[PDB]
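Here is data11.pdb, consisting of PDB, C-alpha atoms:
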```
ATOM      1  CA  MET K   1     -45.576  46.323  30.524  1.00  0.00           C
ATOM      2  CA  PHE K   2     -43.185  43.869  32.191  1.00  0.00           C
ATOM      3  CA  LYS K   3     -41.734  41.342  29.739  1.00  0.00           C
ATOM      4  CA  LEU K   4     -40.500  38.040  31.229  1.00  0.00           C
ATOM      5  CA  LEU K   5     -38.825  35.267  29.238  1.00  0.00           C
ATOM      6  CA  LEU K   6     -38.676  31.808  30.797  1.00  0.00           C
ATOM      7  CA  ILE K   7     -36.016  29.569  29.272  1.00  0.00           C
ATOM      8  CA  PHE K   8     -36.108  25.801  29.722  1.00  0.00           C
ATOM      9  CA  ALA K   9     -33.490  23.449  28.325  1.00  0.00           C
ATOM     10  CA  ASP K  10     -35.981  20.746  27.334  1.00  0.00           C
ATOM     11  CA  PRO K  11     -39.696  19.885  27.317  1.00  0.00           C
ATOM     12  CA  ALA K  12     -39.568  17.828  30.510  1.00  0.00           C
ATOM     13  CA  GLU K  13     -38.341  20.846  32.465  1.00  0.00           C
ATOM     14  CA  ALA K  14     -40.955  23.159  30.924  1.00  0.00           C
ATOM     15  CA  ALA K  15     -43.962  20.858  31.158  1.00  0.00           C
ATOM     16  CA  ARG K  16     -45.611  21.872  34.424  1.00  0.00           C
ATOM     17  CA  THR K  17     -44.886  25.602  34.002  1.00  0.00           C
ATOM     18  CA  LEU K  18     -46.654  25.404  30.671  1.00  0.00           C
ATOM     19  CA  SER K  19     -49.705  23.993  32.491  1.00  0.00           C
ATOM     20  CA  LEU K  20     -49.821  26.926  34.974  1.00  0.00           C
ATOM     21  CA  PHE K  21     -51.034  29.539  32.498  1.00  0.00           C
ATOM     22  CA  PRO K  22     -53.175  29.276  29.397  1.00  0.00           C
ATOM     23  CA  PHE K  23     -50.323  29.681  26.930  1.00  0.00           C
ATOM     24  CA  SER K  24     -50.863  29.784  23.182  1.00  0.00           C
ATOM     25  CA  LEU K  25     -48.384  28.904  20.438  1.00  0.00           C
ATOM     26  CA  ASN K  26     -47.753  31.930  18.244  1.00  0.00           C
ATOM     27  CA  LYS K  27     -46.891  32.103  14.532  1.00  0.00           C
ATOM     28  CA  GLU K  28     -43.193  32.344  15.549  1.00  0.00           C
ATOM     29  CA  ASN K  29     -43.515  28.851  17.108  1.00  0.00           C
ATOM     30  CA  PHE K  30     -43.136  29.383  20.863  1.00  0.00           C
ATOM     31  CA  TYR K  31     -45.515  29.802  23.810  1.00  0.00           C
ATOM     32  CA  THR K  32     -46.832  33.163  25.007  1.00  0.00           C
ATOM     33  CA  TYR K  33     -49.248  34.444  27.652  1.00  0.00           C
ATOM     34  CA  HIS K  34     -50.143  38.005  28.636  1.00  0.00           C
ATOM     35  CA  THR K  35     -52.313  39.474  31.364  1.00  0.00           C
ATOM     36  CA  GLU K  36     -52.563  42.889  32.998  1.00  0.00           C
ATOM     37  CA  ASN K  37     -49.085  44.465  32.688  1.00  0.00           C
ATOM     38  CA  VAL K  38     -47.137  41.195  32.265  1.00  0.00           C
ATOM     39  CA  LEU K  39     -46.036  39.372  29.134  1.00  0.00           C
ATOM     40  CA  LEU K  40     -44.826  35.845  29.810  1.00  0.00           C
ATOM     41  CA  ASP K  41     -42.965  34.040  27.028  1.00  0.00           C
ATOM     42  CA  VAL K  42     -41.439  30.559  27.140  1.00  0.00           C
ATOM     43  CA  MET K  43     -38.579  29.149  25.086  1.00  0.00           C
ATOM     44  CA  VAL K  44     -37.469  25.520  25.175  1.00  0.00           C
ATOM     45  CA  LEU K  45     -33.924  25.175  23.921  1.00  0.00           C
ATOM     46  CA  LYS K  46     -33.832  21.534  22.789  1.00  0.00           C
ATOM     47  CA  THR K  47     -37.047  20.042  21.390  1.00  0.00           C
ATOM     48  CA  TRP K  48     -35.292  17.895  18.753  1.00  0.00           C
ATOM     49  CA  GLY K  49     -32.207  15.801  18.364  1.00  0.00           C
ATOM     50  CA  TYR K  50     -29.476  14.620  20.692  1.00  0.00           C
ATOM     51  CA  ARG K  51     -28.024  18.052  21.561  1.00  0.00           C
ATOM     52  CA  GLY K  52     -28.988  21.682  21.697  1.00  0.00           C
ATOM     53  CA  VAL K  53     -27.490  24.043  19.144  1.00  0.00           C
ATOM     54  CA  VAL K  54     -26.070  27.526  19.638  1.00  0.00           C
ATOM     55  CA  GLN K  55     -28.690  29.002  17.315  1.00  0.00           C
ATOM     56  CA  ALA K  56     -31.445  28.226  19.850  1.00  0.00           C
ATOM     57  CA  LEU K  57     -30.611  31.532  21.635  1.00  0.00           C
ATOM     58  CA  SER K  58     -28.455  33.227  19.001  1.00  0.00           C
ATOM     59  CA  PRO K  59     -29.186  35.988  18.194  1.00  0.00           C
ATOM     60  CA  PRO K  60     -30.514  36.447  21.718  1.00  0.00           C
ATOM     61  CA  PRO K  61     -34.083  37.753  22.034  1.00  0.00           C
ATOM     62  CA  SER K  62     -34.079  41.474  22.676  1.00  0.00           C
ATOM     63  CA  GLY K  63     -36.718  43.453  24.487  1.00  0.00           C
ATOM     64  CA  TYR K  64     -37.346  41.460  27.682  1.00  0.00           C
ATOM     65  CA  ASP K  65     -36.941  42.916  31.171  1.00  0.00           C
ATOM     66  CA  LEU K  66     -35.814  39.687  32.865  1.00  0.00           C
ATOM     67  CA  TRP K  67     -34.813  36.210  31.793  1.00  0.00           C
ATOM     68  CA  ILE K  68     -35.311  33.230  34.085  1.00  0.00           C
ATOM     69  CA  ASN K  69     -33.609  29.964  33.242  1.00  0.00           C
ATOM     70  CA  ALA K  70     -35.443  27.238  35.164  1.00  0.00           C
ATOM     71  CA  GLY K  71     -34.160  23.700  35.006  1.00  0.00           C
ATOM     72  CA  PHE K  72     -32.969  20.453  36.545  1.00  0.00           C
ATOM     73  CA  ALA K  73     -29.474  20.206  38.000  1.00  0.00           C
ATOM     74  CA  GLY K  74     -27.511  17.266  39.280  1.00  0.00           C
ATOM     75  CA  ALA K  75     -26.172  17.428  42.826  1.00  0.00           C
ATOM     76  CA  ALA K  76     -22.440  16.680  43.083  1.00  0.00           C
ATOM     77  CA  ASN K  77     -22.214  17.145  46.862  1.00  0.00           C
ATOM     78  CA  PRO K  78     -24.176  14.761  49.133  1.00  0.00           C
ATOM     79  CA  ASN K  79     -25.136  17.618  51.449  1.00  0.00           C
ATOM     80  CA  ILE K  80     -27.498  18.869  48.701  1.00  0.00           C
ATOM     81  CA  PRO K  81     -30.847  17.123  49.180  1.00  0.00           C
ATOM     82  CA  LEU K  82     -32.816  16.175  46.100  1.00  0.00           C
ATOM     83  CA  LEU K  83     -36.096  17.789  44.989  1.00  0.00           C
ATOM     84  CA  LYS K  84     -34.912  21.114  46.441  1.00  0.00           C
ATOM     85  CA  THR K  85     -35.221  24.387  44.526  1.00  0.00           C
ATOM     86  CA  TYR K  86     -32.301  26.825  44.529  1.00  0.00           C
ATOM     87  CA  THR K  87     -31.468  30.148  42.987  1.00  0.00           C
ATOM     88  CA  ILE K  88     -27.996  30.625  41.547  1.00  0.00           C
ATOM     89  CA  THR K  89     -25.364  33.172  42.567  1.00  0.00           C
ATOM     90  CA  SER K  90     -22.805  32.408  39.863  1.00  0.00           C
ATOM     91  CA  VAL K  91     -22.522  29.943  37.024  1.00  0.00           C
ATOM     92  CA  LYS K  92     -19.280  28.463  35.712  1.00  0.00           C
ATOM     93  CA  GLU K  93     -18.679  26.841  32.339  1.00  0.00           C
ATOM     94  CA  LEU K  94     -16.068  24.143  32.783  1.00  0.00           C
ATOM     95  CA  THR K  95     -14.086  22.379  30.013  1.00  0.00           C
ATOM     96  CA  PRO K  96     -12.734  19.129  31.487  1.00  0.00           C
ATOM     97  CA  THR K  97     -10.066  18.361  28.902  1.00  0.00           C
ATOM     98  CA  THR K  98      -8.228  21.643  29.622  1.00  0.00           C
ATOM     99  CA  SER K  99      -9.587  22.665  33.050  1.00  0.00           C
ATOM    100  CA  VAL K 100     -10.304  26.109  31.646  1.00  0.00           C
ATOM    101  CA  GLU K 101     -13.302  27.867  33.209  1.00  0.00           C
ATOM    102  CA  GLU K 102     -15.341  30.993  32.781  1.00  0.00           C
ATOM    103  CA  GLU K 103     -17.756  32.357  35.370  1.00  0.00           C
ATOM    104  CA  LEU K 104     -20.579  34.910  35.460  1.00  0.00           C
ATOM    105  CA  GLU K 105     -22.697  36.218  38.262  1.00  0.00           C
ATOM    106  CA  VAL K 106     -26.443  35.839  37.936  1.00  0.00           C
ATOM    107  CA  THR K 107     -29.235  37.649  39.717  1.00  0.00           C
ATOM    108  CA  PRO K 108     -30.569  35.665  42.699  1.00  0.00           C
ATOM    109  CA  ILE K 109     -34.311  35.286  43.108  1.00  0.00           C
ATOM    110  CA  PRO K 110     -35.626  36.459  46.510  1.00  0.00           C
ATOM    111  CA  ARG K 111     -36.662  33.876  49.100  1.00  0.00           C
ATOM    112  CA  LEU K 112     -34.831  30.947  47.450  1.00  0.00           C
ATOM    113  CA  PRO K 113     -31.700  29.392  48.960  1.00  0.00           C
ATOM    114  CA  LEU K 114     -28.413  30.094  47.244  1.00  0.00           C
ATOM    115  CA  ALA K 115     -26.210  27.720  45.268  1.00  0.00           C
ATOM    116  CA  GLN K 116     -23.379  27.787  42.729  1.00  0.00           C
ATOM    117  CA  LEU K 117     -23.938  26.162  39.330  1.00  0.00           C
ATOM    118  CA  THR K 118     -21.440  24.529  36.992  1.00  0.00           C
ATOM    119  CA  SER K 119     -22.444  23.891  33.358  1.00  0.00           C
ATOM    120  CA  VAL K 120     -20.853  21.045  31.413  1.00  0.00           C
ATOM    121  CA  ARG K 121     -21.515  19.649  27.944  1.00  0.00           C
ATOM    122  CA  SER K 122     -21.653  16.024  29.161  1.00  0.00           C
ATOM    123  CA  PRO K 123     -23.582  15.323  32.384  1.00  0.00           C
ATOM    124  CA  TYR K 124     -21.413  14.231  35.301  1.00  0.00           C
ATOM    125  CA  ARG K 125     -21.857  10.639  36.292  1.00  0.00           C
ATOM    126  CA  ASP K 126     -18.316  10.409  37.697  1.00  0.00           C
ATOM    127  CA  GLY K 127     -19.401  10.539  41.295  1.00  0.00           C
ATOM    128  CA  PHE K 128     -19.243  13.292  43.859  1.00  0.00           C
ATOM    129  CA  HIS K 129     -16.864  16.248  43.875  1.00  0.00           C
ATOM    130  CA  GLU K 130     -15.551  18.477  46.654  1.00  0.00           C
ATOM    131  CA  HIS K 131     -15.578  21.601  44.454  1.00  0.00           C
ATOM    132  CA  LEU K 132     -19.012  21.352  42.796  1.00  0.00           C
ATOM    133  CA  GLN K 133     -22.535  21.964  43.989  1.00  0.00           C
ATOM    134  CA  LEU K 134     -25.195  21.891  41.269  1.00  0.00           C
ATOM    135  CA  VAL K 135     -24.364  20.818  37.726  1.00  0.00           C
ATOM    136  CA  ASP K 136     -26.389  21.422  34.545  1.00  0.00           C
ATOM    137  CA  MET K 137     -25.750  21.834  30.813  1.00  0.00           C
ATOM    138  CA  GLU K 138     -27.198  25.162  29.579  1.00  0.00           C
ATOM    139  CA  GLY K 139     -27.029  27.658  32.464  1.00  0.00           C
ATOM    140  CA  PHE K 140     -23.758  29.347  31.555  1.00  0.00           C
ATOM    141  CA  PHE K 141     -24.657  29.602  27.859  1.00  0.00           C
ATOM    142  CA  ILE K 142     -27.961  31.282  28.741  1.00  0.00           C
ATOM    143  CA  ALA K 143     -26.330  33.721  31.193  1.00  0.00           C
ATOM    144  CA  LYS K 144     -23.749  34.718  28.609  1.00  0.00           C
ATOM    145  CA  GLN K 145     -26.359  35.245  25.885  1.00  0.00           C
ATOM    146  CA  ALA K 146     -28.376  37.394  28.293  1.00  0.00           C
ATOM    147  CA  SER K 147     -25.343  39.689  28.635  1.00  0.00           C
ATOM    148  CA  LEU K 148     -25.383  40.356  24.868  1.00  0.00           C
ATOM    149  CA  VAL K 149     -28.754  42.137  25.216  1.00  0.00           C
ATOM    150  CA  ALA K 150     -27.966  43.576  28.678  1.00  0.00           C
ATOM    151  CA  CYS K 151     -30.925  41.829  30.149  1.00  0.00           C
ATOM    152  CA  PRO K 152     -30.803  40.567  33.766  1.00  0.00           C
ATOM    153  CA  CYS K 153     -30.760  36.774  34.055  1.00  0.00           C
ATOM    154  CA  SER K 154     -31.837  34.686  37.063  1.00  0.00           C
ATOM    155  CA  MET K 155     -31.738  30.933  37.509  1.00  0.00           C
ATOM    156  CA  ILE K 156     -33.946  28.459  39.323  1.00  0.00           C
ATOM    157  CA  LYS K 157     -32.417  24.981  39.582  1.00  0.00           C
ATOM    158  CA  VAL K 158     -34.053  21.997  41.262  1.00  0.00           C
ATOM    159  CA  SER K 159     -31.777  19.195  42.427  1.00  0.00           C
ATOM    160  CA  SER K 160     -32.762  16.294  40.191  1.00  0.00           C
ATOM    161  CA  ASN K 161     -30.325  13.459  40.905  1.00  0.00           C
ATOM    162  CA  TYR K 162     -26.942  12.718  42.377  1.00  0.00           C
ATOM    163  CA  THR K 163     -24.178  12.738  39.777  1.00  0.00           C
ATOM    164  CA  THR K 164     -23.535   8.985  39.734  1.00  0.00           C
ATOM    165  CA  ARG K 165     -24.423   5.991  37.574  1.00  0.00           C
ATOM    166  CA  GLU K 166     -26.947   4.667  40.104  1.00  0.00           C
ATOM    167  CA  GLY K 167     -28.220   8.222  40.599  1.00  0.00           C
ATOM    168  CA  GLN K 168     -29.540   8.632  37.045  1.00  0.00           C
ATOM    169  CA  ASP K 169     -32.672   6.489  37.609  1.00  0.00           C
ATOM    170  CA  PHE K 170     -34.099   9.061  40.032  1.00  0.00           C
ATOM    171  CA  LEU K 171     -34.028  11.734  37.309  1.00  0.00           C
ATOM    172  CA  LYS K 172     -35.592   9.276  34.865  1.00  0.00           C
ATOM    173  CA  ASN K 173     -38.439   8.536  37.295  1.00  0.00           C
ATOM    174  CA  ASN K 174     -39.258  11.960  38.786  1.00  0.00           C
ATOM    175  CA  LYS K 175     -39.478  14.368  35.851  1.00  0.00           C
ATOM    176  CA  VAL K 176     -43.056  15.412  36.677  1.00  0.00           C
ATOM    177  CA  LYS K 177     -42.330  16.135  40.357  1.00  0.00           C
ATOM    178  CA  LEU K 178     -39.169  18.000  39.367  1.00  0.00           C
ATOM    179  CA  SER K 179     -40.949  20.080  36.705  1.00  0.00           C
ATOM    180  CA  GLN K 180     -43.681  20.864  39.249  1.00  0.00           C
ATOM    181  CA  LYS K 181     -41.058  22.245  41.657  1.00  0.00           C
ATOM    182  CA  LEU K 182     -39.918  24.655  38.952  1.00  0.00           C
ATOM    183  CA  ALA K 183     -43.498  25.703  38.285  1.00  0.00           C
ATOM    184  CA  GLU K 184     -44.089  26.368  42.008  1.00  0.00           C
ATOM    185  CA  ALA K 185     -40.992  28.613  42.152  1.00  0.00           C
ATOM    186  CA  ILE K 186     -41.916  30.602  39.035  1.00  0.00           C
ATOM    187  CA  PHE K 187     -45.440  31.499  40.159  1.00  0.00           C
ATOM    188  CA  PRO K 188     -44.645  33.897  43.043  1.00  0.00           C
ATOM    189  CA  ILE K 189     -42.139  35.694  40.816  1.00  0.00           C
ATOM    190  CA  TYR K 190     -44.742  36.124  38.094  1.00  0.00           C
ATOM    191  CA  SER K 191     -47.103  37.473  40.777  1.00  0.00           C
ATOM    192  CA  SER K 192     -44.609  40.062  42.075  1.00  0.00           C
ATOM    193  CA  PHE K 193     -44.652  41.966  38.763  1.00  0.00           C
ATOM    194  CA  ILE K 194     -48.437  42.317  38.630  1.00  0.00           C
ATOM    195  CA  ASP K 195     -48.924  46.089  39.007  1.00  0.00           C
TER     196      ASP K 195
END
```
Can the structure in the file be given as structure tokens, please?
Amino acid sequence: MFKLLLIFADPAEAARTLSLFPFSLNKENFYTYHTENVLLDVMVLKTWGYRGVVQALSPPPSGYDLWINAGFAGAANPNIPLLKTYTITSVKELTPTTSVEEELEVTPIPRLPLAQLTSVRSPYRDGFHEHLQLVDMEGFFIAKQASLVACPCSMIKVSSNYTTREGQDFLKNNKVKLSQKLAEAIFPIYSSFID
């Protein structure tokens, strides 16, 4: 039986994927669906409060065959169009006060175009950057937790806004369309593992 964990950072990201399958909430308080040889579980990292906490994925869930982190990502290069779905080749955590970075490779999903992801605690609204492509908050954390259980991790990131002050309104106003893009990327993957 193939065991797939989908990880969303927040309910807006998860919303349309949760509509795709008839999930139920289990006694452990997260969504699950199974059919044929495939178990599909969904975790949402931040349902409460102003920030996510480390204990959302710590200890990391063991026993899955693949993790997919699907989420929104800001675009920090104007040659990235919005509402476009990418898969990630590597993800960098960046700490702006020291410039220290760490970086991990992630497993690209077939058929999706490639991008690099940078994860930061505070969303960029500085403007555009020569060195950055997509920017999120939780990608690196998820990839590193996946390594603790030796589980492959893939990322799907949809470009949700440009990383500017004026750019934030587009994210505010398009969460359903953006979530739907994630759902449309997850479905063919789910279908590939039907034996």
Output check: residues returned by the PyMOL selection byres ((chain K and resi 117-129) around 9), as a VMD selection string: chain K and resid 73 to 78 88 to 96 103 115 to 116 130 to 141 157 162 to 168
Target residues per the PyMOL selection byres ((chain K and resi 160) around 7), formatted as a ChimeraX atom specification: /K:72-74,82-83,158-159,161,171,178
Pick from K:143, K:112, K:4, K:25 nearest to residue K:190, counting all atoms listed in the file: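 Selected residue with least distance to residue K:190: K:4.
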Nearest-residue call for residue K:156, choices K:50, K:8, K:31, K:86, using all atoms listed in the file: K:86
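Distances from K:29, K:87, K:145, K:154 to residue K:62 were compared using all atoms listed in the file, and the smallest one belongs to K:145.
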The PyMOL selection byres ((chain K and resi 36) around 9) applied to the shown file, residues as an MDAnalysis selection string: chainID K and resid 1 34:35 37:39 194:195
Using all atoms listed in the file: which of K:11, K:22, K:110, K:61 has the shortest distance to residue K:186: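 Once distances to residue K:186 are computed over all atoms listed in the file, the minimum belongs to K:110.
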Nearest to residue K:19 by atom-to-atom distance, counting all atoms listed in the file, from K:101, K:184, K:189, K:57: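 Looking at the shortest contact to residue K:19, the residue is K:184.
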Which of K:64, K:2, K:170, K:187 sits closest to residue K:18 [using all atoms listed in the file]: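 The answer is K:187, which sits nearest to residue K:18.
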